[PDB]
file entry23.pdb (PDB, C-alpha atoms)
MODEL        1
ATOM      1  CA  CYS T   6     115.801 121.070 112.731  1.00  0.00           C
ATOM      2  CA  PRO T   7     113.547 121.717 115.786  1.00  0.00           C
ATOM      3  CA  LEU T   8     114.325 118.866 118.203  1.00  0.00           C
ATOM      4  CA  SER T   9     111.011 119.552 119.967  1.00  0.00           C
ATOM      5  CA  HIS T  10     108.651 120.216 117.059  1.00  0.00           C
ATOM      6  CA  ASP T  11     107.958 116.470 116.848  1.00  0.00           C
ATOM      7  CA  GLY T  12     106.823 116.050 113.249  1.00  0.00           C
ATOM      8  CA  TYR T  13     109.026 118.735 111.738  1.00  0.00           C
ATOM      9  CA  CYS T  14     110.676 116.446 109.183  1.00  0.00           C
ATOM     10  CA  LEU T  15     107.950 115.022 106.978  1.00  0.00           C
ATOM     11  CA  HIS T  16     107.457 111.570 105.439  1.00  0.00           C
ATOM     12  CA  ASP T  17     108.755 109.377 108.274  1.00  0.00           C
ATOM     13  CA  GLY T  18     112.001 111.303 108.574  1.00  0.00           C
ATOM     14  CA  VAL T  19     113.862 112.015 111.784  1.00  0.00           C
ATOM     15  CA  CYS T  20     115.601 115.165 113.013  1.00  0.00           C
ATOM     16  CA  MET T  21     119.081 114.455 114.363  1.00  0.00           C
ATOM     17  CA  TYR T  22     122.772 115.407 114.141  1.00  0.00           C
ATOM     18  CA  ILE T  23     124.143 114.330 110.760  1.00  0.00           C
ATOM     19  CA  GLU T  24     127.907 114.233 111.244  1.00  0.00           C
ATOM     20  CA  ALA T  25     128.640 113.973 107.522  1.00  0.00           C
ATOM     21  CA  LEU T  26     126.814 117.308 107.401  1.00  0.00           C
ATOM     22  CA  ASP T  27     128.175 118.342 110.796  1.00  0.00           C
ATOM     23  CA  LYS T  28     124.750 119.807 111.514  1.00  0.00           C
ATOM     24  CA  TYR T  29     121.362 119.180 113.071  1.00  0.00           C
ATOM     25  CA  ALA T  30     119.216 118.398 110.054  1.00  0.00           C
ATOM     26  CA  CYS T  31     116.478 116.067 108.837  1.00  0.00           C
ATOM     27  CA  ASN T  32     117.549 112.500 108.167  1.00  0.00           C
ATOM     28  CA  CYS T  33     114.907 111.560 105.576  1.00  0.00           C
ATOM     29  CA  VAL T  34     114.171 108.057 104.326  1.00  0.00           C
ATOM     30  CA  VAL T  35     115.731 106.987 100.999  1.00  0.00           C
ATOM     31  CA  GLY T  36     113.958 108.914  98.274  1.00  0.00           C
ATOM     32  CA  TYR T  37     112.894 112.202  99.880  1.00  0.00           C
ATOM     33  CA  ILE T  38     114.762 115.462  99.668  1.00  0.00           C
ATOM     34  CA  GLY T  39     114.407 119.007 100.908  1.00  0.00           C
ATOM     35  CA  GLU T  40     114.802 120.807 104.235  1.00  0.00           C
ATOM     36  CA  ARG T  41     111.998 118.783 105.841  1.00  0.00           C
ATOM     37  CA  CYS T  42     111.807 116.115 103.133  1.00  0.00           C
ATOM     38  CA  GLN T  43     108.708 117.687 101.561  1.00  0.00           C
ATOM     39  CA  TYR T  44     109.777 116.758  98.056  1.00  0.00           C
ATOM     40  CA  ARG T  45     110.188 113.369  96.445  1.00  0.00           C
ATOM     41  CA  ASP T  46     112.924 112.346  94.020  1.00  0.00           C
ATOM     42  CA  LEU T  47     111.506 110.002  91.378  1.00  0.00           C
ATOM     43  CA  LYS T  48     115.002 109.569  89.914  1.00  0.00           C
ATOM     44  CA  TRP T  49     116.383 108.144  93.186  1.00  0.00           C
ATOM     45  CA  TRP T  50     115.312 104.593  94.114  1.00  0.00           C
TER      46      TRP T  50
ATOM     47  CA  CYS Y   6      93.401 103.086  87.432  1.00  0.00           C
ATOM     48  CA  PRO Y   7      93.447  99.973  85.200  1.00  0.00           C
ATOM     49  CA  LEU Y   8      97.193  99.785  85.776  1.00  0.00           C
ATOM     50  CA  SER Y   9      98.056  96.493  87.448  1.00  0.00           C
ATOM     51  CA  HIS Y  10     100.934  97.827  89.572  1.00  0.00           C
ATOM     52  CA  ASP Y  11     100.237 100.479  92.187  1.00  0.00           C
ATOM     53  CA  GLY Y  12     102.411 103.527  92.689  1.00  0.00           C
ATOM     54  CA  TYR Y  13     101.897 105.812  89.709  1.00  0.00           C
ATOM     55  CA  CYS Y  14     100.490 108.553  91.985  1.00  0.00           C
ATOM     56  CA  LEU Y  15     102.585 108.745  95.143  1.00  0.00           C
ATOM     57  CA  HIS Y  16     101.098 109.795  98.491  1.00  0.00           C
ATOM     58  CA  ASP Y  17      97.550 108.354  98.472  1.00  0.00           C
ATOM     59  CA  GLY Y  18      96.670 109.850  95.086  1.00  0.00           C
ATOM     60  CA  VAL Y  19      94.339 108.208  92.578  1.00  0.00           C
ATOM     61  CA  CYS Y  20      95.205 107.770  88.910  1.00  0.00           C
ATOM     62  CA  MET Y  21      93.006 108.306  85.889  1.00  0.00           C
ATOM     63  CA  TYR Y  22      93.205 107.715  82.163  1.00  0.00           C
ATOM     64  CA  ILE Y  23      92.561 110.606  79.791  1.00  0.00           C
ATOM     65  CA  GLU Y  24      91.418 108.720  76.723  1.00  0.00           C
ATOM     66  CA  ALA Y  25      91.331 111.781  74.479  1.00  0.00           C
ATOM     67  CA  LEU Y  26      95.072 112.023  74.998  1.00  0.00           C
ATOM     68  CA  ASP Y  27      95.980 108.490  76.017  1.00  0.00           C
ATOM     69  CA  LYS Y  28      97.475 110.265  79.007  1.00  0.00           C
ATOM     70  CA  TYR Y  29      97.355 109.338  82.687  1.00  0.00           C
ATOM     71  CA  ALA Y  30      96.552 111.928  85.327  1.00  0.00           C
ATOM     72  CA  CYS Y  31      96.554 111.746  89.108  1.00  0.00           C
ATOM     73  CA  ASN Y  32      94.119 112.864  91.763  1.00  0.00           C
ATOM     74  CA  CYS Y  33      96.632 113.742  94.500  1.00  0.00           C
ATOM     75  CA  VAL Y  34      95.521 114.166  98.071  1.00  0.00           C
ATOM     76  CA  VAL Y  35      95.273 117.633  99.600  1.00  0.00           C
ATOM     77  CA  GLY Y  36      98.669 119.199 100.183  1.00  0.00           C
ATOM     78  CA  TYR Y  37     100.306 117.362  97.311  1.00  0.00           C
ATOM     79  CA  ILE Y  38     101.435 119.083  94.128  1.00  0.00           C
ATOM     80  CA  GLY Y  39     103.089 117.510  91.071  1.00  0.00           C
ATOM     81  CA  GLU Y  40     102.395 115.329  88.025  1.00  0.00           C
ATOM     82  CA  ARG Y  41     102.493 112.214  90.207  1.00  0.00           C
ATOM     83  CA  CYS Y  42     102.031 113.932  93.576  1.00  0.00           C
ATOM     84  CA  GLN Y  43     105.734 113.975  94.507  1.00  0.00           C
ATOM     85  CA  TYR Y  44     105.770 117.426  96.174  1.00  0.00           C
ATOM     86  CA  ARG Y  45     104.207 118.270  99.528  1.00  0.00           C
ATOM     87  CA  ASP Y  46     103.058 121.898  99.608  1.00  0.00           C
ATOM     88  CA  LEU Y  47     103.549 123.362 103.089  1.00  0.00           C
TER      89      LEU Y  47
ENDMDL
END
call {"tool": "encode", "arguments": {"input": "entry23.pdb", "output": "structure tokens"}}
result
Amino acid sequence: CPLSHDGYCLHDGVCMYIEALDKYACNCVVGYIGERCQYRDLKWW
Amino acid sequence: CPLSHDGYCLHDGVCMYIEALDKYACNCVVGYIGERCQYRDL
């Protein structure tokens, strides 16, 4: 996830290093899913 | 949307009642796809 893009992850998410995923990905807010959190999971609340 | 509680259409979308079918529809905002506007179309 582009650490310079600034607004790469959508819906108030934040690009960072997720250890559990041992990668630099989008850390979305509870509910959203997808590479940049573009999708919403209505089954997850 | 006569519904008392807000949130049927996520992401600033407006809801509407389709009498003929007793079904609810949503008027998502541009860039949003889905029955209730869940998906952002990039």
call {"tool": "residues_around", "arguments": {"input": "entry23.pdb", "residues": "range 15-21 of chain T", "least_positions_apart": "5", "cutoff": "8 Å", "atoms": "only C-alpha atoms", "output": "list in words"}}
result
residues 6, 7, 8, 29, 30, 31, 32, 33, 34, 37, 41, 42 and 43 of chain T
call {"tool": "closest_residue", "arguments": {"input": "entry23.pdb", "among": "T:40, T:13, T:45, T:26", "to": "chain Y", "atoms": "all atoms listed in the file"}}
result
T:45
call {"tool": "atom_distance", "arguments": {"input": "entry23.pdb", "atom1": "CA of residue 48 in chain T", "atom2": "CA of residue 31 in chain Y"}}
result
18.6 Å
call {"tool": "interface_residues", "arguments": {"input": "entry23.pdb", "of": "chain Y", "to": "chain T", "cutoff": "12 Å", "atoms": "all atoms listed in the file", "output": "ChimeraX atom specification"}}
result
/Y:12-16,36-47
call {"tool": "resolve_selection", "arguments": {"input": "entry23.pdb", "expression": "the PyMOL selection byres ((chain Y and resi 21) around 6)", "output": "PyMOL selection string"}}
result
chain Y and resi 6+20+22+29-31
call {"tool": "atom_distance", "arguments": {"input": "entry23.pdb", "atom1": "CA of residue 36 in chain T", "atom2": "CA of residue 7 in chain Y"}}
result
25.9 Å
call {"tool": "atom_distance", "arguments": {"input": "entry23.pdb", "atom1": "CA of residue 9 in chain T", "atom2": "CA of residue 34 in chain Y"}}
result
27.4 Å
call {"tool": "axis_aligned_box", "arguments": {"input": "entry23.pdb", "around": "range 28-41 of chain T", "padding_each_side": "4 Å", "output": "JSON"}}
result
{"center_x": 118.4, "center_y": 113.9, "center_z": 105.7, "size_x": 20.8, "size_y": 21.8, "size_z": 22.8}
